[PDB]
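Just one chain follows, in the form deposited in one PDB entry, and it is written as structure tokens.
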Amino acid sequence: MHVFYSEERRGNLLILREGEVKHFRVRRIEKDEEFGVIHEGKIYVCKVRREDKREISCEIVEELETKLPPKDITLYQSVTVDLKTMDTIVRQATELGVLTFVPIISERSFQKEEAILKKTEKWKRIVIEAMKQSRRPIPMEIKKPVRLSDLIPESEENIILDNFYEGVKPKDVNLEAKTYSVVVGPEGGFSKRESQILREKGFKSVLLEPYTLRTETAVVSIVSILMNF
């Protein structure tokens, strides 16, 4: 079934607005077909109650069962120099089930902060689009950028993806942790220097196989491993 996101409910009715009425519109959707609507926590199976052109109402036919992410991952991403690449990594972090997304400024990452801050609004909307197709009940929190030199390992287990270092495989890390910190570098990668600071602070360094991946194919690569295990 199709899925939409509503930010307002009255009694047992969810209301779509703006972008949603368009999305829902292009979707013909016979007068009474069941489509989902995630609202403040869960997703609700609904049938149209009345359709406009500016706003639409849906009636809750059933509390749909919504699963949560087995692990609480906080992906610390080094902002790619090509910000569009960050559009993917954000949508994807979302479908994969990442609870938190933190942009990082590293020696080789995009450097401007304001541009990163202004990119948030779009980071956010993309999350929404993603929790609709992904049917993800809750959102992915996008945070204010933090400097790579300020990271501290704080999760049950803490990883740093590095292709330059001869690290351990994911299997070797504590895959039985409930919360994780995962630091991925930009297109240019991590400087031998800055990653040494990290392994020293405690971030366990993982080496994926069998080649060098673009930063985004590396992100899903490991998140996939850390969420499915």
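One rule holds for the numbers: they count along the sequence shown, beginning at 1. Superpose the two forms; the largest set of C-alphas matching within 1.5 Å is the rigid core.
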Self-check item: Residue stretch of maximal mean CA temperature factor, 15-23 vs 202-210
Solution: 15-23
Practice problem: Could you check which stretch, 163-171 or 182-190, carries the larger mean CA temperature factor in the entry? | Solution: 163-171
Practice problem: Going by the CA temperature factor in the entry, name the top one among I29, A177, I38, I197. | Solution: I29
Quiz prompt | Top Cα B factor in the deposited entry, candidates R135, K112, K124, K144 | solution = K112
Quiz prompt | Chain-relative CA temperature factor third for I116 | solution = highest
Self-check item: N228 CA temperature factor, ranked by third within the chain
Solution: middle
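What follows is about the form deposited in another entry, which we do not show.
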Exercise. Could you tell me whether the Cα atom of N12 shifts by at least 2 Å between this form and the one not shown after core superposition?
Key: yes
